[PDB]
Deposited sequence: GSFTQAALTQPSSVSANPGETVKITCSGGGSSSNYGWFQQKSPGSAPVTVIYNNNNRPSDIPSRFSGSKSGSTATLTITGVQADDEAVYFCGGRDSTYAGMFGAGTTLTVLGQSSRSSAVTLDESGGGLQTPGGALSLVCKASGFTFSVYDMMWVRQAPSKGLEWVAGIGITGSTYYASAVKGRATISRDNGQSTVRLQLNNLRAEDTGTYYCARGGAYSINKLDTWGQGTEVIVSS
């Protein structure tokens, strides 16, 4: 718990389209081999791009290749495309019978919008603060609201705010929630305290209504909250 050992790989690498990118990883047991796994977003499942140092799965383009040299391995992507943007995890094993990963290398390849943040792990009885940053429109003339969705459940209205600052809250969160807006920063904020397990879920900000869900024309991508 207070100790960890992982494979070493770089945090990030940037490339223009069409370039050849190489990412190297080191560590693992002395005779170990290596694989590489692509995860295009934290919510998508990894896929293998290279296994056993240098083999491609059938569904992977030939522009992906790999090699091993000693206790290092290298992933090469020729002709990088925007679609190749992802975190690439190396994996292998230690000198014992345990699997090991690297921390992952993020590959970066060099309109009305709403962007939520502030979620993550939370303690029962604790509090959270979510913020949505809007852009691409006159923020001050729109009502805004938050909607959430518990794991394997439907959409639930949480709170909303009108253009004169009137606020409205769902019974589920009454007494514990505060929604506010900062027209200068084009942000809306949702504070929620005395967290319960029922507060767990994905939280979306959306534009157009405060309590009138029918007026919503634009949704953020959400932020996950786990109590």
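J.: What ranges of the deposited sequence are left out of this structure?
T.: 1, 112-118, 236-237 are the stretches of the deposited chain that have no C-alpha coordinates in the structure.
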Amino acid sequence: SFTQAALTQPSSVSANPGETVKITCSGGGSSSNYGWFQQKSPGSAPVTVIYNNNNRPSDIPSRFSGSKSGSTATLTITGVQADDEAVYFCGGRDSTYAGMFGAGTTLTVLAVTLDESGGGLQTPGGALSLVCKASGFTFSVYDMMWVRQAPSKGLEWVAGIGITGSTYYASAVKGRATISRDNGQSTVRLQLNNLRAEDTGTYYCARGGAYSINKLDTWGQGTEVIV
From here on, numbers count along this sequence of modelled residues.
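J.: Which is higher on mean Cα B factor in this entry, 51-59 or 193-201?
T.: According to the PDB entry, the answer is 193-201.
J.: Higher mean Cα B-factor in the deposited model: 142-150 or 119-127?
T.: In the deposited entry, the stretch with the higher C-alpha B-factor mean is 119-127.
J.: Tell me which of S65, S180, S31, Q39 tops the list for C-alpha B factor in the record.
T.: Answer, based on the entry's C-alpha B-factors: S31.
J.: Would you mind checking which of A73, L155, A82, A86 has the top Cα temperature factor in the PDB entry?
T.: Of the options given, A82 has the highest CA B-factor in the PDB entry.
J.: Lowest, middle or highest third: where is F137 by Cα B-factor in its chain?
T.: Tercile = highest for this residue's CA B-factor.
J.: Compared with the other modelled residues in the chain, in which third is the CA B-factor of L7?
T.: For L7, whose C-alpha B-factor we compare with every modelled residue in the chain, the answer is the lowest third.
J.: Sort the modelled residues of this chain by their C-alpha B factor and say whether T78 lands in the lowest, middle or highest third.
T.: Middle third by C-alpha B-factor.
J.: Among all modelled residues of this chain, ranked by Cα B factor, put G160 in the bottom, middle or top third, i.e. lowest, middle or highest.
T.: Bottom third by C-alpha B-factor.
J.: Using the temperature factors of the C-alpha atoms in this entry, rank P46 within its chain: lowest, middle or highest third.
T.: Middle third, going by the recorded CA B-factors of the chain.
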